[PDB]
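Quick look at structure-v2.tsv (TSV, C-alpha atoms and all ligand atoms):
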```tsv
chain	number	residue	atom	x	y	z
E	5	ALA	CA	-35.17	-123.01	146.26
E	6	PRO	CA	-32.76	-120.04	145.80
E	7	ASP	CA	-33.52	-117.25	143.32
E	8	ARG	CA	-30.73	-114.70	143.45
E	9	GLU	CA	-32.66	-111.71	142.13
E	10	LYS	CA	-35.72	-112.20	144.35
E	11	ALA	CA	-33.44	-113.04	147.28
E	12	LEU	CA	-31.41	-109.89	146.64
E	13	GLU	CA	-34.42	-107.58	146.56
E	14	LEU	CA	-35.79	-108.84	149.86
E	15	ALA	CA	-32.35	-108.23	151.35
E	16	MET	CA	-31.82	-104.76	149.96
E	17	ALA	CA	-35.34	-103.86	151.04
E	18	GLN	CA	-34.52	-104.83	154.64
E	19	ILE	CA	-31.17	-103.00	154.36
E	20	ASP	CA	-33.00	-99.81	153.46
E	21	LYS	CA	-35.78	-100.27	156.00
E	22	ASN	CA	-33.13	-100.81	158.68
E	23	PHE	CA	-30.71	-98.10	157.58
E	24	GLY	CA	-32.75	-95.73	155.46
E	25	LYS	CA	-33.48	-95.49	151.74
E	26	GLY	CA	-30.27	-95.18	149.77
E	27	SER	CA	-28.23	-97.32	152.13
E	28	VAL	CA	-27.64	-99.71	149.22
E	29	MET	CA	-28.26	-99.27	145.50
E	30	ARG	CA	-27.40	-100.55	142.02
E	31	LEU	CA	-25.24	-97.93	140.29
E	32	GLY	CA	-27.09	-98.02	137.00
E	33	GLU	CA	-30.38	-97.63	138.86
E	34	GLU	CA	-32.44	-94.65	137.73
E	35	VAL	CA	-34.00	-93.00	140.78
E	36	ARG	CA	-37.59	-91.79	140.64
E	37	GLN	CA	-37.74	-90.31	144.18
E	38	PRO	CA	-37.96	-86.61	143.37
E	39	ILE	CA	-36.77	-85.03	146.59
E	40	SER	CA	-36.90	-81.34	147.29
E	41	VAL	CA	-33.66	-79.88	146.09
E	42	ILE	CA	-31.73	-76.65	145.66
E	43	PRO	CA	-30.42	-76.44	142.09
E	44	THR	CA	-26.64	-76.20	142.23
E	45	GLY	CA	-26.58	-73.52	139.56
E	46	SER	CA	-24.85	-76.23	137.53
E	47	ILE	CA	-27.17	-78.21	135.25
E	48	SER	CA	-24.52	-80.89	134.69
E	49	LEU	CA	-23.93	-81.14	138.40
E	50	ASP	CA	-27.67	-81.20	139.07
E	51	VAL	CA	-27.97	-84.22	136.76
E	52	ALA	CA	-24.81	-85.72	138.21
E	53	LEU	CA	-26.44	-85.48	141.62
E	54	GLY	CA	-29.28	-87.47	140.10
E	55	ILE	CA	-31.97	-85.29	141.69
E	56	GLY	CA	-31.22	-81.98	140.01
E	57	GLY	CA	-29.78	-80.15	142.99
E	58	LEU	CA	-28.63	-80.51	146.57
E	59	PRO	CA	-31.15	-82.44	148.68
E	60	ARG	CA	-33.07	-80.53	151.35
E	61	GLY	CA	-32.60	-81.30	155.05
E	62	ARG	CA	-29.15	-82.79	154.63
E	63	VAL	CA	-25.52	-82.18	155.37
E	64	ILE	CA	-23.50	-81.56	152.24
E	65	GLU	CA	-19.73	-81.30	152.11
E	66	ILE	CA	-17.98	-79.39	149.35
E	67	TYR	CA	-14.28	-79.99	149.74
E	68	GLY	CA	-11.36	-79.19	147.47
E	69	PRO	CA	-8.30	-77.02	146.61
E	70	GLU	CA	-8.61	-73.22	146.89
E	71	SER	CA	-10.16	-71.45	143.91
E	72	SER	CA	-11.61	-74.76	142.69
E	73	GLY	CA	-15.12	-73.24	142.63
E	74	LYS	CA	-16.58	-74.51	145.92
E	75	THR	CA	-17.74	-71.13	147.23
E	76	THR	CA	-19.24	-70.28	143.84
E	77	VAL	CA	-21.39	-73.37	143.96
E	78	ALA	CA	-22.42	-72.76	147.56
E	79	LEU	CA	-23.44	-69.17	146.75
E	80	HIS	CA	-25.29	-70.24	143.61
E	81	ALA	CA	-27.29	-72.68	145.72
E	82	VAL	CA	-27.99	-69.91	148.20
E	83	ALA	CA	-29.40	-67.74	145.40
E	84	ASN	CA	-31.57	-70.56	144.10
E	85	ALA	CA	-32.98	-71.09	147.57
E	86	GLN	CA	-33.77	-67.38	148.05
E	87	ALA	CA	-35.43	-67.13	144.67
E	88	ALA	CA	-37.78	-69.86	145.86
E	89	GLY	CA	-38.55	-67.53	148.74
E	90	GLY	CA	-36.08	-69.30	151.01
E	91	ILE	CA	-34.06	-67.89	153.89
E	92	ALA	CA	-30.29	-68.50	153.86
E	93	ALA	CA	-27.62	-68.13	156.52
E	94	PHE	CA	-23.86	-67.94	156.15
E	95	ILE	CA	-21.63	-68.90	159.07
E	96	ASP	CA	-18.40	-67.11	158.22
E	97	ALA	CA	-15.17	-68.06	159.95
E	98	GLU	CA	-12.80	-67.13	157.13
E	99	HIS	CA	-13.87	-63.56	156.43
E	100	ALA	CA	-13.38	-64.05	152.70
E	101	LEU	CA	-16.92	-63.69	151.35
E	102	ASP	CA	-17.30	-60.98	148.70
E	103	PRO	CA	-20.98	-59.98	148.84
E	104	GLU	CA	-20.54	-57.98	145.64
E	105	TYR	CA	-19.62	-61.21	143.81
E	106	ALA	CA	-22.48	-62.92	145.59
E	107	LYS	CA	-24.95	-60.48	144.06
E	108	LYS	CA	-23.61	-61.30	140.60
E	109	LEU	CA	-24.41	-65.00	141.15
E	110	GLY	CA	-27.85	-63.73	142.09
E	111	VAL	CA	-27.85	-63.73	145.88
E	112	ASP	CA	-29.95	-61.23	147.79
E	113	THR	CA	-27.21	-60.23	150.19
E	114	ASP	CA	-29.28	-57.76	152.19
E	115	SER	CA	-31.60	-60.56	153.31
E	116	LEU	CA	-28.71	-62.97	153.96
E	117	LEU	CA	-27.92	-63.69	157.59
E	118	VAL	CA	-24.22	-63.58	158.39
E	119	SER	CA	-22.41	-64.63	161.54
E	120	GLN	CA	-18.70	-64.64	162.42
E	121	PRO	CA	-18.36	-66.93	165.51
E	122	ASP	CA	-15.69	-66.47	168.16
E	123	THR	CA	-14.77	-70.15	168.42
E	124	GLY	CA	-15.64	-73.34	166.58
E	125	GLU	CA	-17.99	-74.40	169.34
E	126	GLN	CA	-19.80	-71.07	168.95
E	127	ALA	CA	-19.92	-71.31	165.15
E	128	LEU	CA	-21.57	-74.72	165.04
E	129	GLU	CA	-23.74	-73.82	168.03
E	130	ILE	CA	-24.92	-70.62	166.37
E	131	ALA	CA	-25.61	-72.40	163.09
E	132	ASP	CA	-27.48	-75.01	165.11
E	133	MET	CA	-29.69	-72.46	166.88
E	134	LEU	CA	-30.52	-71.10	163.44
E	135	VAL	CA	-31.36	-74.42	161.79
E	136	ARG	CA	-33.92	-75.57	164.38
E	137	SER	CA	-35.99	-72.41	164.00
E	138	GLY	CA	-37.35	-73.82	160.76
E	139	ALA	CA	-37.07	-70.59	158.81
E	140	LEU	CA	-33.96	-71.57	156.85
E	141	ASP	CA	-33.69	-73.45	153.58
E	142	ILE	CA	-29.93	-73.55	153.39
E	143	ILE	CA	-27.09	-72.69	155.75
E	144	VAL	CA	-23.44	-72.42	154.76
E	145	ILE	CA	-20.45	-72.97	157.01
E	146	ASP	CA	-17.39	-71.39	155.43
E	147	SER	CA	-14.26	-73.38	156.19
E	148	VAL	CA	-14.49	-76.61	158.16
E	149	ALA	CA	-10.84	-76.05	158.92
E	150	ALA	CA	-11.54	-72.70	160.60
E	151	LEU	CA	-13.70	-74.38	163.24
E	152	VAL	CA	-10.76	-74.24	165.66
E	153	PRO	CA	-11.90	-75.20	169.19
E	154	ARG	CA	-12.05	-72.57	171.92
E	155	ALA	CA	-9.26	-74.13	173.97
E	156	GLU	CA	-6.95	-73.73	170.99
E	157	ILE	CA	-8.07	-70.23	170.12
E	158	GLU	CA	-7.60	-69.10	173.69
E	159	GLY	CA	-3.98	-69.57	174.67
E	160	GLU	CA	-3.95	-73.15	176.03
E	161	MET	CA	-0.95	-75.30	176.77
E	162	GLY	CA	0.74	-78.00	174.73
E	163	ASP	CA	-0.64	-80.62	177.12
E	164	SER	CA	-4.18	-82.09	177.09
E	165	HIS	CA	-3.86	-81.20	173.40
E	166	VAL	CA	-6.14	-83.59	171.60
E	167	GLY	CA	-7.87	-84.01	168.25
E	168	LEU	CA	-10.55	-81.83	169.80
E	169	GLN	CA	-11.59	-80.18	166.54
E	170	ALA	CA	-12.65	-83.57	165.18
E	171	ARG	CA	-14.61	-84.36	168.34
E	172	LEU	CA	-16.06	-80.85	168.25
E	173	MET	CA	-17.09	-81.40	164.64
E	174	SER	CA	-18.40	-84.89	165.49
E	175	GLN	CA	-20.51	-83.96	168.51
E	176	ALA	CA	-21.90	-80.94	166.69
E	177	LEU	CA	-23.00	-82.89	163.66
E	178	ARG	CA	-24.66	-85.59	165.77
E	179	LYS	CA	-27.31	-83.17	167.06
E	180	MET	CA	-27.60	-80.81	164.10
E	181	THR	CA	-28.25	-83.48	161.43
E	182	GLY	CA	-31.46	-84.59	163.12
E	183	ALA	CA	-32.52	-80.98	163.50
E	184	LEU	CA	-31.70	-80.39	159.82
E	185	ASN	CA	-33.99	-83.28	158.89
E	186	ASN	CA	-36.86	-81.99	160.97
E	187	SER	CA	-36.35	-78.47	159.55
E	188	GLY	CA	-35.56	-79.59	156.02
E	189	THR	CA	-32.56	-77.26	155.86
E	190	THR	CA	-29.68	-78.04	153.54
E	191	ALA	CA	-26.33	-77.67	155.23
E	192	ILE	CA	-23.30	-77.04	153.07
E	193	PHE	CA	-19.97	-77.28	154.86
E	194	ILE	CA	-17.20	-75.78	152.68
E	195	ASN	CA	-14.07	-77.78	153.39
E	196	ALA	CA	-10.91	-76.30	151.94
E	197	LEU	CA	-8.24	-78.98	151.63
E	198	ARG	CA	-4.75	-77.45	152.04
E	209	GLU	CA	-8.48	-86.41	158.40
E	210	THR	CA	-9.91	-84.14	155.68
E	211	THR	CA	-8.72	-81.03	157.55
E	212	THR	CA	-9.17	-82.61	161.03
E	213	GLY	CA	-12.95	-82.21	161.37
E	214	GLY	CA	-13.63	-83.58	157.89
E	215	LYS	CA	-13.34	-87.01	159.48
E	216	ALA	CA	-16.80	-86.86	161.05
E	217	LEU	CA	-18.42	-84.88	158.22
E	218	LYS	CA	-17.46	-87.70	155.84
E	219	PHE	CA	-19.83	-90.03	157.72
E	220	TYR	CA	-22.59	-87.48	158.34
E	221	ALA	CA	-22.71	-86.01	154.85
E	222	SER	CA	-25.50	-87.38	152.68
E	223	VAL	CA	-23.71	-85.91	149.65
E	224	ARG	CA	-20.01	-85.10	149.24
E	225	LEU	CA	-18.63	-83.06	146.35
E	226	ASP	CA	-14.98	-83.27	145.27
E	227	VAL	CA	-14.61	-79.87	143.57
E	228	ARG	CA	-11.42	-79.46	141.58
E	229	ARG	CA	-9.85	-76.85	139.27
E	230	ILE	CA	-8.94	-78.56	135.99
E	231	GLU	CA	-8.46	-75.96	133.30
E	232	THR	CA	-7.88	-72.27	132.80
E	233	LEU	CA	-10.53	-71.11	130.35
E	234	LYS	CA	-8.54	-69.47	127.61
E	235	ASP	CA	-10.97	-69.51	124.70
E	236	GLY	CA	-8.09	-67.95	122.76
E	237	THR	CA	-4.78	-66.93	124.44
E	238	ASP	CA	-6.09	-64.90	127.43
E	239	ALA	CA	-7.57	-64.99	130.98
E	240	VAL	CA	-11.38	-65.32	131.25
E	241	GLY	CA	-12.24	-67.93	133.86
E	242	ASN	CA	-11.60	-71.56	134.83
E	243	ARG	CA	-13.24	-74.93	134.20
E	244	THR	CA	-14.25	-76.86	137.31
E	245	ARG	CA	-14.82	-80.58	137.73
E	246	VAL	CA	-16.97	-81.91	140.56
E	247	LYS	CA	-17.11	-85.57	141.56
E	248	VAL	CA	-20.08	-86.80	143.58
E	249	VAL	CA	-17.95	-89.15	145.67
E	250	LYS	CA	-20.78	-89.76	148.05
E	251	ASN	CA	-24.50	-89.62	147.40
E	252	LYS	CA	-26.94	-91.26	149.78
E	253	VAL	CA	-29.95	-90.20	147.69
E	254	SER	CA	-28.99	-91.49	144.24
E	255	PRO	CA	-26.21	-93.56	142.72
E	256	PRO	CA	-22.86	-91.95	143.67
E	257	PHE	CA	-19.65	-91.40	141.74
E	258	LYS	CA	-21.10	-89.39	138.86
E	259	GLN	CA	-19.14	-86.46	137.41
E	260	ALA	CA	-19.94	-82.97	136.14
E	261	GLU	CA	-17.97	-80.11	134.64
E	262	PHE	CA	-18.65	-76.44	134.14
E	263	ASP	CA	-16.98	-73.14	133.42
E	264	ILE	CA	-16.89	-70.29	135.91
E	265	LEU	CA	-15.89	-67.00	134.29
E	266	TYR	CA	-14.07	-64.32	136.28
E	267	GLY	CA	-16.52	-61.89	137.80
E	268	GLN	CA	-19.38	-64.15	136.71
E	269	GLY	CA	-20.67	-67.38	138.16
E	270	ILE	CA	-21.23	-70.72	136.48
E	271	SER	CA	-21.81	-70.11	132.78
E	272	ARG	CA	-25.28	-71.20	131.73
E	273	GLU	CA	-24.44	-71.01	128.03
E	274	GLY	CA	-21.18	-72.85	128.67
E	275	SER	CA	-23.20	-75.62	130.30
E	276	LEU	CA	-25.69	-75.76	127.43
E	277	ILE	CA	-23.07	-75.96	124.70
E	278	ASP	CA	-21.40	-78.70	126.70
E	279	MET	CA	-24.45	-80.66	127.69
E	280	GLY	CA	-26.03	-80.08	124.31
E	281	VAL	CA	-23.06	-81.67	122.57
E	282	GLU	CA	-22.65	-84.95	124.40
E	283	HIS	CA	-26.43	-85.27	124.36
E	284	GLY	CA	-26.54	-84.89	120.59
E	285	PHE	CA	-28.78	-81.81	120.12
E	286	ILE	CA	-25.80	-79.66	119.11
E	287	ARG	CA	-23.00	-80.67	116.69
E	288	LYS	CA	-19.29	-79.89	116.56
E	289	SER	CA	-18.32	-80.71	112.95
E	290	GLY	CA	-14.80	-80.27	114.29
E	291	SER	CA	-13.82	-76.84	115.59
E	292	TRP	CA	-17.19	-75.39	114.53
E	293	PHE	CA	-20.38	-75.67	116.61
E	294	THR	CA	-23.89	-75.87	115.12
E	295	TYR	CA	-27.49	-76.36	116.23
E	296	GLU	CA	-30.43	-77.39	114.07
E	297	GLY	CA	-28.34	-76.27	111.13
E	298	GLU	CA	-27.76	-72.83	112.64
E	299	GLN	CA	-24.16	-71.58	112.59
E	300	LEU	CA	-23.01	-71.05	116.19
E	301	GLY	CA	-19.36	-70.09	115.94
E	302	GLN	CA	-15.84	-71.48	115.89
E	303	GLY	CA	-14.66	-71.88	119.46
E	304	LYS	CA	-16.62	-72.72	122.60
E	305	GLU	CA	-16.51	-68.97	123.32
E	306	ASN	CA	-17.74	-67.58	120.03
E	307	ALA	CA	-20.47	-70.18	120.52
E	308	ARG	CA	-21.00	-69.24	124.18
E	309	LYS	CA	-21.32	-65.62	123.12
E	310	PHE	CA	-23.83	-66.65	120.46
E	311	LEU	CA	-26.13	-68.27	123.03
E	312	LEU	CA	-25.83	-65.23	125.29
E	313	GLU	CA	-26.81	-62.86	122.46
E	314	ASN	CA	-29.46	-65.06	120.78
E	315	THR	CA	-31.39	-66.00	123.93
E	316	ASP	CA	-34.27	-67.40	121.88
E	317	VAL	CA	-32.01	-70.29	120.99
E	318	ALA	CA	-30.36	-71.57	124.19
E	319	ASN	CA	-33.77	-71.58	125.87
E	320	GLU	CA	-35.21	-74.04	123.37
E	321	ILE	CA	-31.93	-75.98	123.77
E	322	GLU	CA	-31.91	-75.82	127.54
E	323	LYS	CA	-35.50	-76.96	126.94
E	324	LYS	CA	-34.55	-79.81	124.64
E	325	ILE	CA	-31.99	-80.88	127.23
E	326	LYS	CA	-34.35	-80.35	130.18
E	327	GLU	CA	-36.74	-82.66	128.35
E	328	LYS	CA	-34.44	-85.59	127.44
E	329	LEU	CA	-33.21	-85.57	131.03
E	330	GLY	CA	-35.09	-84.09	133.98
E	331	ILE	CA	-38.66	-82.93	133.38
E	332	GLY	CA	-41.81	-82.74	135.54
E	333	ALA	CA	-42.23	-86.00	137.49
E	334	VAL	CA	-45.00	-88.00	139.20
E	401	LIG	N1	-14.14	-61.90	144.11
E	401	LIG	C1	-14.14	-62.56	142.93
E	401	LIG	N2	-14.05	-61.90	141.75
E	401	LIG	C2	-14.09	-62.56	140.57
E	401	LIG	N3	-14.08	-63.87	140.46
E	401	LIG	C3	-14.24	-64.65	141.53
E	401	LIG	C4	-14.23	-64.04	142.87
E	401	LIG	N4	-14.33	-65.05	143.75
E	401	LIG	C5	-14.38	-66.20	143.03
E	401	LIG	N5	-14.30	-65.97	141.71
E	401	LIG	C6	-14.37	-67.00	140.64
E	401	LIG	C7	-13.12	-67.16	139.77
E	401	LIG	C8	-12.32	-68.22	140.52
E	401	LIG	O1	-11.53	-68.96	139.58
E	401	LIG	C9	-13.47	-69.14	140.97
E	401	LIG	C10	-13.08	-69.93	142.22
E	401	LIG	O2	-13.26	-69.12	143.39
E	401	LIG	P1	-14.13	-69.72	144.60
E	401	LIG	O3	-15.45	-69.84	143.68
E	401	LIG	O4	-13.98	-68.62	145.58
E	401	LIG	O5	-13.16	-71.00	144.59
E	401	LIG	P2	-13.20	-72.11	145.75
E	401	LIG	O6	-14.62	-72.25	146.14
E	401	LIG	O7	-12.67	-73.48	145.10
E	401	LIG	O8	-12.06	-71.64	146.78
E	401	LIG	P3	-12.39	-71.63	148.36
E	401	LIG	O9	-13.70	-72.28	148.59
E	401	LIG	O10	-11.24	-72.44	149.16
E	401	LIG	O11	-12.44	-70.11	148.89
E	401	LIG	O12	-14.55	-68.26	141.33
```

structure tokens encoding of this file:
Amino acid sequence: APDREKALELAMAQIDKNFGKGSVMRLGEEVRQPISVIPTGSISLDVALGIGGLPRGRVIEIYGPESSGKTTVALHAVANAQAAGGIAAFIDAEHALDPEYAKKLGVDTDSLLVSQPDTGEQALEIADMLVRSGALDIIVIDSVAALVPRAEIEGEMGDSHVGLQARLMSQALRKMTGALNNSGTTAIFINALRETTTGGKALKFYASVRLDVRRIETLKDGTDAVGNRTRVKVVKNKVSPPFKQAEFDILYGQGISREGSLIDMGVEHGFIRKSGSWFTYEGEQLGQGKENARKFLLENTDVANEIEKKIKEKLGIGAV
């Protein structure tokens, strides 16, 4: 009478119908639900996400050590959303944003809404009023940790002191997430690990996607400062199989290196060969050293585009 596989499908099906698609999924599964996304500005990461970008209408958490590249990703997403004629908001509670760097990543700063809330309640509230207006594509909340409650900001006593920031962060998410769905606005919460920073407790359960951004190498190329190599881990992903990993280089002054990506992604995926030290493509000499090679692809843009193309084919191409 029992047939495991059939029995398992009928179960999973009900799991998803009861809790939403993605509630349960085989890891090796290959998803064919092309959702609307905002390219992360990181091809590898886009593929690692399984849907080629951050899903629209969801809460995304990008936590990690300082300098690890979080903000760069967030901003890159913001640019990608604007390019697609999307409106982006930035709830700043750290006062660290460098608009000049943001322009380099490609963001249209002049059209970017910016707010600097008085208290955490205000911040989330403001961001919430924005979201449910339907005009936004993406909204960014800089520093989960800086969402300090009003009662703490205003001189309040050491009594009645409670994990209010968590509650604040919990209550706030409860109502915004639904609004985000209706509006289809991606919500990135930058969490800078120094509960995952008190309020990160709730976010963990509300986030549809969670990215563990981490600094792993100091791009040297040769013996000198250029940038840093980041490593993101999709620890949570309610819209594709989770736990995938991506890596990319972020050069100083510049954002995520496209060419860097390509050379990387081209290699593992065969198209480009590293005979050992030297890099080559379709028998074309590229250069000794990821950098000489990187440079190559920046100069000879005719290559690189056919490569990005070859890679965009073997992986994520037009669907349905
Ligand atoms: N103002 C800037 N000028 C040049 N390079 C920058 C600047 N800001 C960021 N970068 C580049 C080089 C850094 O190694 C890399 C990481 O910075 P950021 O992208 O700000 O890291 P982060 O997102 O992990 O830290 P955090 O989110 O806690 O502020 O980004």

Near residue E:319, counting all atoms listed in the file, which residues have an atom at most 10 Å away, once you skip same-chain residues fewer than 6 positions from it, shown as a list in words?
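Neighbouring residues, sequence-local ones excluded: residues 273, 276, 311, 325 and 326 of chain E.
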
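For the pair atom CA of residue E:187 and atom CA of residue E:61, the separation is 6.5 Å.
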
Using all atoms listed in the file, which residues sit within 12 Å of residue E:42 once same-chain residues fewer than 4 positions away are excluded, as JSON, numbers by chain?
{"E": [38, 46, 47, 49, 50, 53, 55, 56, 57, 58, 59, 60, 61, 62, 64, 77, 78, 79, 80, 81, 82, 83, 84, 85, 86, 87, 88, 89, 90, 92, 141, 142, 143, 188, 189, 190, 191, 192]}

Got a sec to check which residues lie within 9 Å of ligand LIG 401 (chain E), using only C-alpha atoms and all ligand atoms, and send them as a ChimeraX atom specification?
/E:66-79,98,100-106,146-147,194-198,227-229,232,240-244,264-270

I'd like to know which of E:133, E:54, E:30, E:119 is closest to residue E:248, using all atoms listed in the file.
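Answer, going by the shortest atom-to-atom distance: E:54.
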
From E:225, E:39, E:168, E:155, residue lying nearest residue E:193 [only C-alpha atoms]
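Once distances to residue E:193 are computed over only C-alpha atoms, the minimum belongs to E:225.
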
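Compared by their closest atoms to residue E:140, and using all atoms listed in the file, the residues E:91, E:173, E:278, E:180 rank with E:91 nearest.
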
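Neighbouring residues of residue E:157 at 12 Å or closer, counting only C-alpha atoms and skipping chain neighbours under 5 positions away, are residues 121, 122, 123, 124, 125, 126, 150, 151, 152, 168 and 169 of chain E.
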
By how many Å are atom CA of residue E:257 and atom CA of residue E:31 apart?
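That distance, rounded to one decimal, is 8.7 Å.
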
Using all atoms listed in the file, find each residue of stretch 18-81 of chain E with at least one atom at most 12 Å away from an atom of stretch 6-12 of chain E; report its shortest atom-to-atom pair and that distance in Å (one decimal), sort the rows by chain and rising residue number, and return the result as JSON lines.
```
{"residue": "E:18", "atom": "CA", "partner": "E:12", "partner_atom": "CA", "distance": 10.0}
{"residue": "E:19", "atom": "CA", "partner": "E:12", "partner_atom": "CA", "distance": 10.4}
{"residue": "E:28", "atom": "CA", "partner": "E:12", "partner_atom": "CA", "distance": 11.2}
{"residue": "E:29", "atom": "CA", "partner": "E:12", "partner_atom": "CA", "distance": 11.1}
{"residue": "E:30", "atom": "CA", "partner": "E:12", "partner_atom": "CA", "distance": 11.2}
```

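For the choices E:290, E:301, E:275, E:322, the atom-to-atom distance to residue E:48 is smallest for E:275 when using all atoms listed in the file.
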
Could you please determine the separation between atom CA of residue E:291 and atom CA of residue E:259 in Å, to one decimal place?
24.4 Å

Excluding residue E:32 and residues on its chain fewer than 3 positions from it, collect all residues at most 10 Å away from it, counting all atoms listed in the file, and give them as a PDB file with C-alpha atoms, in the coordinates of the input.
```
ATOM      1  CA  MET E  29     -28.260 -99.270 145.500  1.00  0.00           C
ATOM      2  CA  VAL E  35     -34.000 -93.000 140.780  1.00  0.00           C
ATOM      3  CA  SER E 254     -28.990 -91.490 144.240  1.00  0.00           C
ATOM      4  CA  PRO E 255     -26.210 -93.560 142.720  1.00  0.00           C
ATOM      5  CA  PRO E 256     -22.860 -91.950 143.670  1.00  0.00           C
TER       6      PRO E 256
END
```

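Shortest separation to residue E:131 among E:306, E:212, E:181, E:40 occurs at residue E:181, atoms counted being all atoms listed in the file.
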
Out of E:279, E:317, E:308, E:37, which residue has the shortest atom-to-atom distance to residue E:334 when counting only C-alpha atoms?
E:37

Report the centre and edge lengths, in Å to one decimal, of an axis-aligned box enclosing every atom of stretch 158-165 of chain E listed in the file, padded by 8 Å on each side, as lines of an AutoDock Vina configuration file.
```
center_x = -3.4
center_y = -75.6
center_z = 175.3
size_x = 24.3
size_y = 29.0
size_z = 19.7
```

From the structure just shown, export stretch 237-262 of chain E with C-alpha atoms as a compact mmCIF listing (two decimals), in the first residue's frame.
```txt
# COMPACT_ATOMS: atom_id res chain seq x y z
CA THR E 237 52.02 42.73 -3.40
CA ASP E 238 49.72 45.78 -2.99
CA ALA E 239 46.27 47.08 -1.87
CA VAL E 240 43.48 47.00 -4.49
CA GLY E 241 40.32 45.59 -2.93
CA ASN E 242 38.98 42.57 -1.03
CA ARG E 243 37.31 39.27 -1.88
CA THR E 244 33.92 38.69 -0.28
CA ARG E 245 32.13 35.42 0.40
CA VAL E 246 28.36 35.32 0.84
CA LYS E 247 26.48 32.31 2.18
CA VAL E 248 22.76 32.03 1.48
CA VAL E 249 22.02 30.58 4.91
CA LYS E 250 18.32 31.00 4.40
CA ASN E 251 16.36 30.99 1.16
CA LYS E 252 12.61 30.45 1.18
CA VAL E 253 12.39 30.74 -2.62
CA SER E 254 15.00 28.23 -3.74
CA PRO E 255 17.25 25.65 -2.13
CA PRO E 256 19.30 27.39 0.61
CA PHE E 257 22.91 27.07 1.70
CA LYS E 258 24.54 27.89 -1.62
CA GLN E 259 27.73 29.99 -1.72
CA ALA E 260 29.12 32.77 -3.90
CA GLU E 261 32.32 34.79 -3.99
CA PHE E 262 33.33 38.03 -5.64
```
